[PDB]
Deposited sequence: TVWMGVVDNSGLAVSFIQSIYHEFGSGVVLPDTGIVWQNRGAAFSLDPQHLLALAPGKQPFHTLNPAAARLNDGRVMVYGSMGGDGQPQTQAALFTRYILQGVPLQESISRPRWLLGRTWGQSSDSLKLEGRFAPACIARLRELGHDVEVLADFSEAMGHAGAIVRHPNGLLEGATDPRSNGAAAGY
């Protein structure tokens, strides 16, 4: 599962999730396409054309004029609590809000897991400020990259 954010010069902001739900999906590649196909048998039970019932891209607009896109990959509803309460509620800087340890039960950086557990997730974010300055943040728990001009 990948999360991606983009904000352009006019302030259009995009938050995106793309996935095959499990590693390599079904294993099955479609001949002469290179496409490994997703495997969503879990979105259904046993007592056609039926759609599944699901992933959560996120975005926020703030009273002071900030727009913000974020997203967590792996882990998950507690990661969003953390980033919301840290960044929005508590004024913690964006990059620090994503880095500070999290909980499902807790990261050793405070039952108590390693100082950086892949089970607390990978979160990214962009905040656009009314002065037009653009802020991207990456999760130290992975190898993400923020690229801006």
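- Judged by missing C-alpha atoms, the gaps in the deposited chain sequence fall at residues 48-55, 63, 85-86, 116-127, 134-148, listed in sequence order.
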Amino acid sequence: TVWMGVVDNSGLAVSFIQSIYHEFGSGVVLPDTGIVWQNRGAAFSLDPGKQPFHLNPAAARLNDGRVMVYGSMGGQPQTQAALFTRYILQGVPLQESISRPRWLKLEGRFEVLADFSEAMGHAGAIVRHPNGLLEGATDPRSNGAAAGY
From here on, numbers count along this sequence of modelled residues.
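- Looking at 32-40 and 111-119 together, the entry lists the larger mean B-factor for 111-119, computed on C-alpha atoms.
- Residues shown: 106, 69, 55, 62. Highest C-alpha temperature factor in the entry: 106.
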